[PDB]
Amino acid sequence: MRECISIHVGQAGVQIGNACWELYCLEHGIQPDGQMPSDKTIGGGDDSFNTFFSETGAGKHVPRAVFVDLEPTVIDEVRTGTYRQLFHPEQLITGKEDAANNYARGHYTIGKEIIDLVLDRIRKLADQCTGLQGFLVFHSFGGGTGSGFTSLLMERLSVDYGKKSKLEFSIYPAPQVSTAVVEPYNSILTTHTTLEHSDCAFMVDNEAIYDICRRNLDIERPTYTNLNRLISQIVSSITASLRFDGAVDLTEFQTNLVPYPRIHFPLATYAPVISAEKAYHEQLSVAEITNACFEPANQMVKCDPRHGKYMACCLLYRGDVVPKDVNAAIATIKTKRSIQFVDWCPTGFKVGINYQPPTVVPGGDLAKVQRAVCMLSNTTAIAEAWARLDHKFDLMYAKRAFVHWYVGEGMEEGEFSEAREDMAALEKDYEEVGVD
Amino acid sequence: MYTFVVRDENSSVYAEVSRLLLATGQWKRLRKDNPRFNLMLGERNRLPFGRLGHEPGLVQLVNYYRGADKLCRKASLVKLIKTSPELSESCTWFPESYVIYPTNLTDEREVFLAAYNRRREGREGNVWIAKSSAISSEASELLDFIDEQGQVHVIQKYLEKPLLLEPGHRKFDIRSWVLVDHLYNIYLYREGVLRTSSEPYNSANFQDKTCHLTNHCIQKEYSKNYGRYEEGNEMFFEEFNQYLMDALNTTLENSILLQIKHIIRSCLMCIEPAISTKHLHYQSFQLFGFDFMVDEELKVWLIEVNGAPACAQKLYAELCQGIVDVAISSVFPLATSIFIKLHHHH
Amino acid sequence: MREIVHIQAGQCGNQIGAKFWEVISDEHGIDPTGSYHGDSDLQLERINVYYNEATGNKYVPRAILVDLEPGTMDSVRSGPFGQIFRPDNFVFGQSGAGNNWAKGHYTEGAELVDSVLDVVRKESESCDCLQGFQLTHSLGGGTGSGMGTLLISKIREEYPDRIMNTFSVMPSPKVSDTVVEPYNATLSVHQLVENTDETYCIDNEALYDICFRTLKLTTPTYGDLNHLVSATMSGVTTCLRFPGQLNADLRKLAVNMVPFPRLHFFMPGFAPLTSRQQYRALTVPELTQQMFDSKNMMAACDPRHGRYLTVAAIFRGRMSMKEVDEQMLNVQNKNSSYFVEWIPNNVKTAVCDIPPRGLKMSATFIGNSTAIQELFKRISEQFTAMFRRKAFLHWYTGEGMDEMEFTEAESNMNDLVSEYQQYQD
Amino acid sequence: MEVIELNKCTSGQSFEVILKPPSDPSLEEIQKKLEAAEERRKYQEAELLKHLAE
Ligand SMILES: Nc1nc2c(ncn2[C@@H]2O[C@H](COP(=O)(O)OP(=O)(O)OP(=O)(O)O)[C@@H](O)[C@H]2O)c(=O)[nH]1
Ligand SMILES: Nc1ncnc2c1ncn2[C@@H]1O[C@H](COP(=O)(O)OP(=O)(O)CP(=O)(O)O)[C@@H](O)[C@H]1O
Ligand SMILES: Nc1nc2c(ncn2[C@@H]2O[C@H](COP(=O)(O)OP(=O)(O)O)[C@@H](O)[C@H]2O)c(=O)[nH]1
Ligand SMILES: c1coc(CNc2nc3ccccc3[nH]2)c1
Ligand SMILES: [Ca+2]
Ligand SMILES: [Ca+2]
Ligand SMILES: [Ca+2]
Ligand SMILES: [Mg+2]
Ligand SMILES: [Mg+2]
Ligand SMILES: [Mg+2]
């Protein structure tokens with residue numbers, strides 16, 4: 001058995017991580033105190049769930065995770081929340097004043113002082129792994145700590161863990177839920193210094209999750225709770241193959257979804273998202289939920305995949321799904337949808353079925369469904385997300401607005417244009433592969 | 001108070017739409033770089049579709065469908081017809097065409113020669129025409145003319161038996177304007193135009209191309225009978241309908257319109273799942289200029305489709321007001337249609 | 001624990017600061033003696049930000065009262081909430097500043113500053129993590145103007161990486177004590193351009209006009225004007241004193257409101273402003289129109305005469321957050337020309353559930369607009385009208401200053417105006 | 001329409017369907033980037049204090 005360490009950084013990463021590990025416990029039947037009756041091997045074992053939980057002599061199942069935040073208000077919640085008993089103090093690291101939405105402040109000014117401590121805590125978890133695979137880094141693009149400290153932590157991880165894989169879960173900044181005006185700067189600053197160090201990154205545009213909540217769940221003004229409870233579903237389905245007996249290792253994600261290194265930004269699609277407040281709903285068939293994977297209204301990032309080209313497609317089914325129905329819907333959808341693959345890649349689908357249906361948080365917003373499917377697709381149409389941001393970046397940088405706050409922390413103005421020239425190349429790389 | 005922007009100062013059609021929108025007092029124009037707009041009258045090339053539909057609380061509408069260039073590019077249309085089953089390579093209303101790449105760059109050179117040699121052997125007419133978005137009966141001249149250029153070209157069968165108007169013995173083409181709204185209703189402007197030739201058609205001299213090309217700019221520059229029979233070499237559906245009755249004893253609706261309406265439907269329905277803005281975070285609408293040819297058997301042929309067409313000087317007011325009524329006002333309501341809806345299955 | 005150290009200097013400073021502590025003390029359920037008596041825990045969630053906790057569950061405002069004459073601070077100590085203030089935090093002399101910036105900054109004030117900083121340091125040494133400082137004062141006097149800017153300069157030296165925001169009352173020709181106020185305001189502004197992160201410009205003429213034309217007060221008073229400054233000071237701090245998804249510290253706020261270092265001057269606004277029809281419920285739209293109306297703004301500047309760099313709206317009350325989002329999104333599209341298009345999403349909104357005392361719901365407006373230059377032009381105009389003839393200069397040259405320092409403060413504020421001008425285009 | 005590598009077990013199964021065939025910086029350097037930034041912070045704060053002593 002091979003272990004996986006999760007690293008949550010910033011407000012967004014911590015709260016999302018709190019929602020994920022909640023779902024993980026409900027899925028593996030772990031109680032808030034850390035006990036697991038179904039686990040008969042007490043104090044040890046190399047099972048499918050042990051890739052994410054460790055076991056103590058007392059039978060406590062402990063997450064292989066670390067929480068980092070330059071401010072103690074967000075992580076204090078975890079220290080007194082329902083699942084306080086799961087983690088031990090070493091796993092929760094906090095400073096005393098945040099990065100004030102300033103990438104430089106998180107990367108250079110504050111990061112420098114707390115970087116060697118985090119690595120040492122991570123080393124403590126690594127010293128418990130018999131065959132460590134890599135890390136799952138949850139963070140936000142707009143946060144100063146989420147963008148600033150993550151980029152530094154990645155650079156040091158590629159040094160202390162050369163051969164290990166690293167996957168990001170990045171939160172794309174959306175104005176409807178953000179009061180920050182500089183998140184474009186931070187996003188482009190962090191995707192630049194983090195590119196060469198991340199092997200596969202799933203972006204979640206808060207704009208997408210927001211409309212999915214208002215439209216499918218009839219929530220007029222959704223909260224971060226409502227947003228995270230959903231994201232963790234998508235994260236759970238993407239990580240389910242590492243915790244359960246279905247297809248398996250973090251190396252597969254890059255091999256299966258990232259042919260070209262820089263283009264490591266897959267697009268996620270999840271369905272069905274049904275409101276628990278709904279009296280009762282027609283249980284969507286495999287064809288219907290599979291046909292939903294090609295409606296943009298179910299994508300973690302709003303974009304048009306009909307005007308890009310695909311490089312890969314996985315279909316992660318959870319629930320009552322059998323191969324015969326998957327192929328039936330697939331042939332049905334090919335003759336109806338616009339799906340253009342690149343000529344250097346085959347036109348097919350990798351499919352994984354997990355029979356245990358998606359678990360839902362009691363009293364939560366998501367209705368229990370009998371079969372759910374999350375599709376991971378590497379489209380060039382996700383380059384729209386880079387164009388959107390790179391434009392905003394250009395609008396402000398032209399007037400050098402807000403640049404002094406960064407230079408004030410020791411960063412040089414050139415790192416802006418340098419990071420922007422990198423995003424201009426990354427936009428060119430997508431157009432080369434997707435347009436004729 | 002709705003807001004809109006203008007990113008194509010050369011558009012004669014939407015220069016009037018913006019003029020009408022402002023005249024309503026309920027629309028306000030912003031600078032061309034301000035993103036808080038309900039509507040965008042965007043640029044022809046490299047329109048930034050990826051930046052639309054991401055402004056909270058703003059229903060955004062654009063005047064171009066993303067993906068319609070498959071239908072308006074010479075080399076793109078040929079590819080869409082032969083490769084789309086809804087149209088098939090056996091499409092009966094589109095001239096036998098081939099996509100030829102200059103030898104300095106798939107390509108249908110060998111497939112073209114095979115069909116060319118077949119005609120030459122069967123004593124059939126074999127006058128083709130080469131053109132590009134950027135006439136000869138000999139295959140060597142057509143292929144050599146393309147090599148002398150550096151962009152994609154298309155060789156399609158030249159209609160050697162075109163319907164000729166009298167008096168004059170002249171050729172012509174028909175321009176129909178089709179408006180597609182966000183819901184994807186297909187409205188045909190009841191008013192069409194015939195861009196005619198003022199020179200007697202001559203089948204023994206394709207060298208002088210003034211009697212073979214019915215473009216409005218070529219006639220007003222190289223033709224010596226410009227404006228003789230009709231003003232500006234433009235005849236409208238009323239006169240052309242009357243001539244058909246006197247000469248051929250039929251109507252424009254039966255003889256030509258029915259086929260045109262079918263061609264319009266067939267093309268837009270073919271690419272509907274590929275450009276439809278039904279479940280999209282923004283909405284699209286576009287005005288199309290369809291160019292038709294009519295042979296001596298009263299069969300209607302498709303020439304090309306223009307994605308950014310101009311309009312006849314006399315029809316700018318009526319057509320533009322209809323755009324505002326059914327395309328813009330239908331999405332942003334203010335405080336007998338001139339179009340013919342082409343019902344269909346979505 | 002993100003503590004904030006409060007300072008109030010001069011007559012105006014202390015009087016305004018006093019009413020401020022009166023206003024938030026009531027909101028946080030703290031009575032005149034320092035005991036807690038609220039019915040909700042939101043009142044204590046962030047109480048340490050502006051209050052220290054003493055023995056017996058007492059809450060002592062972290063406010064340092066400073067003045068050169070004792071007159072005003074004796075009023076505060078005998079005021080409604082007077083006894084709440086730490087007796088040691090009263091730092092005052094006897095000479096007074098004579099409404100002379102030089103005296104407060106160079107001579108009379110110089111003799112008292114070190115004792116004030118001793119108190120500031122004492123408060124800082126007990127702050128688990130100091131957020132920053134806030135100063136209340138006028139710019140037309142001598143103490144809060146002359147010594148207040150002197151304090152600020154000495155605080156930035158000892159705490160260079162701490163946020164320094166101020167509430168500054170601009171002198172107007174309509175509500176004027178002395179003719180030398182243009183001299184004092186101009187000299188203070190130069191200091192504020194260099195050493196403050198947020199400066200809320202409060203024009204007395206604006207407060208007056210609001211109390212006269214809107215509130216229907218025939219004869220407004222310094223006490224009437226200050227009530228408005230209490231409500232506004234309480235509004236712009238709600239995101240700091242109460243819990244919400246906003247979170248944010250003094251530094252996170254500045255980063256998002258100040259795109260250029262020396263353009264950190266805001267025009268605040270409050271709403272509603274109702275005359276005694278005073279019990280009528282106010283809908284979410286009515287709060288918003290007035291809030292963006294110029295008559296409800298306190299800088300005597302017409303926003304339609306400039307462009308907004310950034311804008312922040314803080315709502316308080318039990319209202320529809322969905323409907324809130326809807327109305328804010330509506331105003332910007334109605335008046336797009338008055339917002340710069342090169343700062344994406346430069347209008348932010350926050351919601352709080354605790355309304356001010358007696359109001360079902362209120363709205364506090366914070367505006368970083370380029371129209372604020374008109375406030376500085378008025379000051380610079382009056383300044384030069386006097387300085388060209390060296391009128392009343394002897395009151396300053398006598399205290400040790402040279403004509404050169406006046407010519408510098410002149411040029412520095414005229415540059416500030418040009419800076420505001422370039423971005424308006 | 002070819003299904004391949006059909007993998008089955010008790011908790012689920014996995015397979016592949018094909019429709020058509022085809023056609024770093026060292027720790028030394030990082031410490032320098034960090035210190036160089038801390039050095040520009042020291043020089044900017046120095047210039048501030050120098051202007052303040054003046
Ligand atoms: N989906 C989701 N997004 C969040 C959440 N919390 C914050 N965000 C987003 O994160 C962005 C801001 O970054 P934060 O994570 O809050 O800041 P930070 O990482 O704590 O770094 P600091 O600035 O030092 O506090 C905003 O655009 C928010 O939309 C969350 O719980 N869920
Ligand atoms: N196969 C063919 N047979 C007969 N005539 C043809 C033809 N192909 C083109 N033409 C002539 O060419 C003219 C149109 O040329 P084409 O449309 O390809 O160029 P263009 O796009 O610059 C003009 P527009 O865009 O306004 O329709 C028509 O008037 C038609 O008479
Ligand atoms: N709004 C308001 N303004 C005041 C008050 N007291 C003084 N001012 C203004 O402050 C200026 C005089 O400053 P003052 O407080 O006397 O200076 P000091 O010597 O520092 O106390 C004048 O322009 C007044 O308009 C007050 O209580 N409220
Ligand atoms: C003490 C000194 O400043 C304050 C309040 N600052 C403040 N900045 C803000 C920026 C955006 C929104 C509200 C804000 N409020 C209290
Ligand atoms: Ca076990
Ligand atoms: Ca690596
Ligand atoms: Ca003395
Ligand atoms: Mg934080
Ligand atoms: Mg053309
Ligand atoms: Mg006085």
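Each position is counted from 1, following the chain as shown.
Method of determination (from the header): X-ray crystallography, 3.1 Å.
Quick reminder: no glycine exception, Cβ is built from N, Cα and C everywhere.
Feature list (source: Swiss-Prot):
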type: MOTIF; residues: C:1-4; note: motif 'MREI motif'
type: BINDING; residues: C:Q11, C:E69, C:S138, C:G142, C:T143, C:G144, C:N204, C:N226; note: GTP binding site
type: MOD_RES; residues: C:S40; note: phosphoserine
type: MOD_RES; residues: C:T55; note: phosphothreonine
type: MOD_RES; residues: C:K58; note: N6-acetyllysine
type: MOD_RES; residues: C:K58; note: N6-succinyllysine
type: CROSSLNK; residues: C:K58; note: ubiquitin cross-link
type: BINDING; residues: C:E69; note: Mg(2+) binding site
type: MOD_RES; residues: C:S172; note: phosphoserine
type: MOD_RES; residues: C:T283; note: phosphothreonine
type: MOD_RES; residues: C:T288; note: phosphothreonine
type: MOD_RES; residues: C:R316; note: omega-N-methylarginine
type: CROSSLNK; residues: C:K322; note: ubiquitin cross-link
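A straight line from the CA of C:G142 (GTP binding site) to the CA of C:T288 (phosphothreonine) spans 38 Å. In this structure the alpha carbons, written CA, of C:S138 (GTP binding site) and C:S172 (phosphoserine) are 11 Å apart. Sequence-distant neighbours of C:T283 (phosphothreonine) (same chain, six or more apart, CB under 8 Å from its CB) are absent. Using a CB-CB cutoff of under 8 Å against chain A, the recorded positions that qualify from C:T55, C:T143, C:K322 are C:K322. Of all the recorded positions listed here (C:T55, C:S172, C:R316, C:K322), C:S172 has the Cα closest to the Cα of C:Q11 (GTP binding site). Secondary structure from DSSP puts the residue listed as 'omega-N-methylarginine' in a beta strand. According to DSSP, the secondary structure content of the motif 'MREI motif' (C:1-4) in residues is 0 helix, 2 strand, 2 coil. Of all the recorded positions listed here (C:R316, C:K322), the one with the fewest other CB atoms within 10 A of its own CB is C:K322.
Looking at C:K322 (ubiquitin cross-link) and the residue listed as 'omega-N-methylarginine', their Cα atoms lie 14 Å from each other. In the structure shown, across all protein chains, C:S138 is the one of the recorded positions C:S138, C:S172, C:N204, C:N226, C:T288 with the greatest number of other Cβ atoms within 10 Å. In the three-state DSSP classification, C:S40 (phosphoserine) falls within coil. Spatially, by CA atoms, the binding-site residues C:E69, C:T143, C:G144, C:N204, C:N226 include one closest to the residue listed as 'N6-acetyllysine', and that is C:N226. In this entry, C:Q11, C:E69, C:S138, C:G142, C:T143, C:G144, C:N204, C:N226 make up the residues listed for GTP, with the farthest two CA atoms of the set 23 Å from each other. Cα-Cα distance from C:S40 (phosphoserine) to C:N204 (GTP binding site): 36 Å (rounded to the nearest whole number).
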